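Just one chain follows, in the form deposited in one PDB entry, and it is written as C-alpha cells.
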C-alpha cells in the first residue's frame, strides 16, 4: 500500500551538503515514521534517523550536528540533509516507512547511490553475524546466527533478506514471525543476546544476504550480514 522513492545527486564534493528527497506515494497514513538508512560498500547498513507522523525526529549521535530530516506533507515528501560530507558518507541511501502499530510490515525505497568525490556522544548495541559467508547445498538445513553485544527485546529483533540490485526486504519480525512473501520453510528463534534464522530446506532462491537488526535500543543497528550462497 506504500511506495517510497529516493532522489538527489549521485556525486558530491566534500564539505558540500547532501540533499535527498523521498517522494512518498500510494495509501493515506494516520501515524508512523519515515526513516533514512544508508548502506556502505561491502554492505554495512547504518540507521541514520527518522521523522515521525507528528514531526518528531530522532538522529543517530554519530551524525547529530550534520543531519536534518524534514517533511513537506503537502508535497508528500521527506528529506535528508547532511552537512560536511566526506568519503566516509559514500553509500546507497534508503527511505523506509513503518507503522509502530503494524510490527509486521516495512516499506523501503529503491535506494539512491551517492558517492563523495564531530560531536555527538553515545552508545549502541553491536550485532554480530558469523560466518560472514556460507555456501550450502539445495536441500541442506541452514542456520544463521546473530549475536548481540547486550540484551535486546525479542520483539524488536528482525531479519532482512537482500539481493544484488535491490533493497533489504523484511524477512522476519519479532524473532520468529515470518513476513508476507516469506516461504514457511524459514523460521527464527532466540532470546537475550542470541538469535538465529533457519531454513529447513535450502532452495536455490534463498541465496541472498541476511541482516539481523535490533530496534529495542537507540540507535537501531544492523549486523555485519551473512552472505548465503549455493553450491556448484
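Only residues modelled in both forms are compared. Heads up, when I say rigid core I mean the largest set of C-alphas that superpose within 1.5 Å between the two forms. Numbering follows the first chain given and starts at 1.
Another form exists, deposited in another entry; not displayed. Remarks below refer to it.
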{"query": "Flag for residue 205, CA shift 2 Å or larger between the shown form and the other one after aligning core", "finding": "no"}
{"query": "Core-superposed comparison between the shown form and the other one, residue 101 Cα displacement 2 Å or beyond", "finding": "yes"}
{"query": "Core-superposed C-alpha of residue 56 shifting 2 Å or more between the shown form and the other one", "finding": "no"}
{"query": "Sense of the change in Cα distance from residue 103 to residue 35 in the other form - at least 3 Å versus the shown form", "finding": "farther"}
{"query": "Outcome for the Cα pair residue 105, residue 206 in the other form, compared with this form (closer or farther; change of 3 Å or more)", "finding": "farther"}
{"query": "Where the chain shifts between the shown form and the other one once the rigid core is fitted, runs of at least 3 with Cα moving 2 Å or more", "finding": "24-28, 100-105"}
